[PDB]
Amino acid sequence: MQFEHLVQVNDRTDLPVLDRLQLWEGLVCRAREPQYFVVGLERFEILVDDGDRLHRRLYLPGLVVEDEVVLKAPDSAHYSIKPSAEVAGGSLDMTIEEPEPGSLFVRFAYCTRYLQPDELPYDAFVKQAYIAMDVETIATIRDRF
């Protein structure tokens, strides 16, 4: 079960332009300061902070989530949840792509794992919700950085 969406960072237009390191600071920001990107969030802890490796608690309405985030500067961010009895696990990767200087993209890669195990596709409601969030994320980074 794998979904991938490429978001174009800069265009010809009103809106601000981004360099690679600015884009990267954005991804860090998304990892360390999720209140600026997560609609609904009520609070969050950084339970463990090893610099490039974070373990977090996210308090959303009627739901608490713990995850791990691995940062590899200045290229990518990997979010992951280990599955248990009740919760399905999964991961998100955000990876900077740069086919040429100033030409920046971010690939968002989503995946879902179960404790238990046919390969299974996401449905279009989920894909629609992922695209929306990936786009809002880049818009926010573009607006802060």
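Each residue number is its position in the shown sequence, starting from 1.
K.L.:
Neighbours in the displayed sequence, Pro117 and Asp118 may still hide a gap; how many deposited residues lack coordinates there, none, 1 to 3, 4 to 9, or 10 or more?
P.N.:
Gap size class: 1 to 3 residues without coordinates, per the record.
K.L.:
Please rank the C-alpha B-factors of the chain's modelled residues and tell me whether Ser84 sits in the lowest, middle or highest third.
P.N.:
For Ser84, whose C-alpha B-factor we compare with every modelled residue in the chain, the answer is the highest third.
K.L.:
By the recorded C-alpha temperature factor, relative to the other modelled residues in its chain, which third is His55 in?
P.N.:
Its C-alpha B-factor, which the entry lists for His55, ranks in the middle third among residues of this chain.
K.L.:
Is the Cα B-factor recorded for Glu25 in the lowest, middle or highest third of its chain?
P.N.:
Bottom third by C-alpha B-factor.
K.L.:
Rank-wise, by C-alpha B-factor, drop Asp11 into the lowest, middle or highest third of its chain.
P.N.:
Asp11: CA B-factor falls in the highest third of its chain.
K.L.:
Going by what the PDB entry lists, where does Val38 fall on CA B-factor within its chain: lowest, middle or highest third?
P.N.:
According to the entry, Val38 has a C-alpha B-factor in the chain's highest third.
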